[PDB]
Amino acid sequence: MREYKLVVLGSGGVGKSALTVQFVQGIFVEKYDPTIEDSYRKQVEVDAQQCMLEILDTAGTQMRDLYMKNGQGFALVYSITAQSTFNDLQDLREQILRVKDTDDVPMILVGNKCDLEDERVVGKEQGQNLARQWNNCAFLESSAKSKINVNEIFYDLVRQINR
C-alpha cells in the first residue's frame, strides 16, 4: 500500500479542518477551534489502487517550510465568503514552488463553504481564473457541511502524485 503525504494549507477559518474531518471521519465540525497541527490517516481506493493517505491539517497562521519539503500534494483552501483568504493563497502557491524548486507540484485550489451561496464574496469564475494562471491547476468548489466536493479534493491529489 503506497503512502501519500497530503498537506491542507490556507488562512484561518476557511474550513481546512472541517474538510479533512468530513473526509476522514464523516463528521461536520461546527465549533471553531483554531488548529495547532493535526495529522490524519485514511485508506482509500484511487484508480483500483489501495492508498494510505496521511493528511496534515495545518494552522491558519503557521514550521511551514517543513510541511512543503515533506508534503507530496497540497490542497490550497479559501472561503468563498472571505476575500482576504483568497488573496493569501498566491503567496502559498509561490512559496511551495520555491521549496520544491519546480512548478510540477501536485496541487489543488479549493474554494470552500460553497453552501453559503448567499454570503459569497468570491465568485466561481474568479476562482477558476486563478487556477488558470497557476499552470492550469486543479480547481474545486467544495462544502464540508454539505459533503460537496470533499472526497475528490484528496482523490485528485493522489492522481496528480501518481502521474
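Start at 1 with the first residue shown and count on from there.
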query	finding
Interval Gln133-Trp134, deposited residues with no coordinates in the entry (none, 1 to 3, 4 to 9, 10 or more)	none
Higher-scoring stretch by recorded Cα B factor average, 122 to 130 or 109 to 117	122 to 130
Given 14 to 22 and 144 to 152, the range whose Cα B-factors average higher in the PDB entry	144 to 152
Maximum C-alpha temperature factor, selected from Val44, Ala48, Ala59, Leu56	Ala48
Member of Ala138, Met63, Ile27, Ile36 with the greatest C-alpha B factor (per the PDB record)	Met63
For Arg163, the third of its chain into which the C-alpha B factor falls	highest
Relative C-alpha B-factor of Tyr32, binned into the chain's lowest, middle or highest third	highest
Third of the chain's Cα B-factor distribution that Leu89 belongs to, per the entry	middle
